[PDB]
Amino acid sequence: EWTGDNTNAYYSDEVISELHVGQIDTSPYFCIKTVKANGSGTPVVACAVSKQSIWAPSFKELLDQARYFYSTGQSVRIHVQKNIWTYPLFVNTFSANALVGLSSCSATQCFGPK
(Lines of atoms letter the chains of each structure in order from A and count residues from 1; the text may use other names and numbers.)
(Lines give C-alpha, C1' and ligand atoms only; values in the text may rest on other atoms or scores of the structure.)
Protein backbone atom coordinates (compact mmCIF):
# COMPACT_ATOMS: atom_id res chain seq x y z
CA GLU A 1 0.00 0.00 0.00
CA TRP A 2 1.06 3.60 -0.59
CA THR A 3 -0.33 7.06 0.14
CA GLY A 4 -0.13 7.70 -3.58
CA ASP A 5 -2.10 4.64 -4.75
CA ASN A 6 -4.67 5.77 -7.30
CA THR A 7 -7.36 4.08 -5.21
CA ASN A 8 -6.78 6.85 -2.68
CA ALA A 9 -8.41 10.25 -3.12
CA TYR A 10 -6.77 13.61 -2.55
CA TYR A 11 -7.76 17.24 -2.29
CA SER A 12 -5.36 20.08 -3.09
CA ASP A 13 -4.95 23.65 -1.83
CA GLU A 14 -6.69 22.90 1.47
CA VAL A 15 -6.17 24.39 4.94
CA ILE A 16 -6.57 22.24 8.07
CA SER A 17 -9.34 24.07 9.87
CA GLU A 18 -10.32 21.77 12.72
CA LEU A 19 -8.69 19.15 14.92
CA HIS A 20 -10.14 16.57 17.32
CA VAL A 21 -8.44 14.07 19.61
CA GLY A 22 -10.21 11.22 21.41
CA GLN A 23 -10.33 7.47 22.05
CA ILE A 24 -12.39 4.61 20.61
CA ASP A 25 -12.19 0.88 21.45
CA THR A 26 -8.93 1.20 23.48
CA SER A 27 -7.35 3.18 20.64
CA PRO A 28 -6.46 6.90 20.64
CA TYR A 29 -7.55 8.61 17.41
CA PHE A 30 -7.63 12.03 15.85
CA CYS A 31 -9.68 13.70 13.14
CA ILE A 32 -9.16 16.76 11.02
CA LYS A 33 -11.36 18.94 8.91
CA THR A 34 -9.91 20.78 5.91
CA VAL A 35 -11.38 23.45 3.64
CA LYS A 36 -10.22 24.97 0.34
CA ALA A 37 -7.84 27.87 0.90
CA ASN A 38 -9.95 29.96 -1.49
CA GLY A 39 -13.19 29.20 0.37
CA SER A 40 -14.73 27.14 -2.41
CA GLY A 41 -15.95 23.55 -2.36
CA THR A 42 -16.93 21.15 0.40
CA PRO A 43 -14.92 20.45 3.56
CA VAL A 44 -12.95 17.22 3.85
CA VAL A 45 -13.01 15.19 7.06
CA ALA A 46 -10.53 12.41 7.77
CA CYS A 47 -9.47 10.41 10.81
CA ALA A 48 -6.57 8.22 11.90
CA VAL A 49 -7.02 5.52 14.51
CA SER A 50 -3.98 4.22 16.41
CA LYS A 51 -4.53 0.46 16.35
CA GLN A 52 -6.79 0.23 13.31
CA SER A 53 -6.51 -0.13 9.51
CA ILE A 54 -3.48 -0.68 7.33
CA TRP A 55 -2.50 2.94 8.04
CA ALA A 56 -2.04 2.36 11.78
CA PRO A 57 1.78 2.41 11.56
CA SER A 58 1.75 6.08 10.51
CA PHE A 59 -0.61 7.30 13.25
CA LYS A 60 1.98 9.24 15.25
CA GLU A 61 3.66 10.78 12.22
CA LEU A 62 0.34 11.78 10.69
CA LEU A 63 -0.80 13.24 14.01
CA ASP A 64 2.41 15.25 14.34
CA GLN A 65 2.18 16.40 10.73
CA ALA A 66 -1.50 17.25 11.03
CA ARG A 67 -0.68 19.30 14.12
CA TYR A 68 2.15 20.97 12.28
CA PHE A 69 0.11 22.01 9.25
CA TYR A 70 -2.81 22.94 11.51
CA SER A 71 -0.55 25.30 13.38
CA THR A 72 0.95 26.95 10.31
CA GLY A 73 -2.31 27.30 8.43
CA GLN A 74 -0.48 26.70 5.15
CA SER A 75 -2.06 25.24 2.03
CA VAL A 76 -1.79 21.48 1.81
CA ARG A 77 -2.93 18.48 -0.21
CA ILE A 78 -4.76 15.95 1.94
CA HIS A 79 -4.72 12.26 0.95
CA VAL A 80 -7.39 9.87 2.18
CA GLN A 81 -8.71 6.37 1.68
CA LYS A 82 -12.51 6.38 1.64
CA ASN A 83 -14.93 4.04 3.47
CA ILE A 84 -12.57 2.71 6.13
CA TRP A 85 -14.13 3.58 9.53
CA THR A 86 -17.32 1.68 10.29
CA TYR A 87 -18.72 2.61 13.73
CA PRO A 88 -21.89 4.49 12.64
CA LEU A 89 -21.98 7.25 15.30
CA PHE A 90 -18.26 7.86 14.73
CA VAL A 91 -18.69 8.03 10.94
CA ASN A 92 -21.74 10.28 11.31
CA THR A 93 -19.80 12.61 13.63
CA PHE A 94 -16.71 12.65 11.42
CA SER A 95 -16.40 10.42 8.34
CA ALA A 96 -15.28 7.04 7.05
CA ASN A 97 -12.13 8.64 5.54
CA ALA A 98 -8.80 7.35 6.71
CA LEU A 99 -6.09 10.01 6.63
CA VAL A 100 -3.21 8.54 4.63
CA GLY A 101 -1.06 11.56 3.81
CA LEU A 102 -0.34 15.30 3.94
CA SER A 103 1.64 17.31 1.37
CA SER A 104 2.64 20.96 1.40
CA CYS A 105 1.28 23.02 -1.55
CA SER A 106 2.89 26.01 -3.21
CA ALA A 107 1.13 28.43 -5.57
CA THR A 108 1.41 26.08 -8.53
CA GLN A 109 1.84 22.46 -7.47
CA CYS A 110 1.60 20.27 -4.38
CA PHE A 111 4.61 18.22 -3.22
CA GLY A 112 3.10 14.75 -3.26
CA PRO A 113 1.45 12.09 -5.44
CA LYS A 114 -1.29 13.12 -7.88
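One-based numbering along the sequence shown. Each form is matched to the other, and the largest set of C-alpha atoms that superpose within 1.5 Å is called the rigid core.
> Find the stretch among 101-109 and 12-20 with the larger RMS C-alpha deviation in 4 other deposited structures of this protein, all structures being superposed on the shown form by the rigid core.
Comparing 101-109 with 12-20, the larger C-alpha deviation in 4 other deposited structures of this protein belongs to 101-109.
> Would you tell me which stretch averages the higher CA B-factor in the PDB entry, 48-56 or 85-93?
Averaging CA B-factors over each stretch, the winner is 85-93.
> With reference to the PDB entry, specify whether the mean Cα temperature factor is higher for 16-24 or for 100-108.
Comparing averages over the C-alpha atoms only gives 100-108.
> Using the entry's values, work out which of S71, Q65, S40, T34 has the largest Cα B factor.
It is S40.
> Using the B-factor values recorded in the entry, state whether the Cα atom of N6 falls in the lowest, middle or highest third among the modelled residues of its chain.
Ranked within chain, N6 CA B lands in the highest tercile.
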